[PDB]
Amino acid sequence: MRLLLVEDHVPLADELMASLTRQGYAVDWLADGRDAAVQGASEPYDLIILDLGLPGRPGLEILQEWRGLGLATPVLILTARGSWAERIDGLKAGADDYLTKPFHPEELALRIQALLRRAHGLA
């Protein structure tokens, strides 16, 4: 099991890494969308966590590129406070689920669990 976390804000990345570690996951962290676009398509991950708040190339364009390459990896997007549009647009772009910032770690855990469960058809 291995996750990719794409998160530019270091304090948030550090918190997410700690939380994901407490949940039992090995995680690779990338802060830059250019790096993430390549690595997400090239390296085996069970799940990618993609913050839509990345500077530079929009996260949703990165996600669309991945889907156009046939990437079937589960993607959980982190969306903006109060943005219903980002959740809808993110699903349309090919996200499997989302979590609205600021979020609670229990909800992070539950949504990741469910994606990983369905990905393997686990009970």
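In case it trips you up, residue 1 is the first one in the sequence shown, and so on.
J.: Once you work out the mean C-alpha B-factor for both 38-46 and 73-81 from the entry, which is higher?
T.: Here the higher of the two C-alpha B-factor means belongs to 38-46.
J.: When the modelled residues of the chain are sorted by Cα temperature factor, does residue 65 land in the lowest, middle or highest third?
T.: Within its chain, residue 65 is a middle-third residue by C-alpha B-factor, going by the deposited values.
J.: Taking only the Cα B-factors deposited for this chain, tell me whether residue 1 sits in the lowest, middle or highest third.
T.: According to the entry, residue 1 has a C-alpha B-factor in the chain's middle third.
J.: Quick check for you: using the entry's CA B-factors within this chain, is residue 31 in the lowest, middle or highest third?
T.: Its C-alpha B-factor belongs to the middle third of this chain's values.
J.: Using only modelled residues of the chain, where does the Cα B factor of residue 119 rank: lowest third, middle third or highest third?
T.: CA B-factor rank for residue 119: middle third.
J.: Grab the CA temperature factor for residue 88 from the record and place it in the lowest, middle or highest third of its chain.
T.: Middle third - that is where residue 88 ends up once the chain's C-alpha B-factors are sorted.
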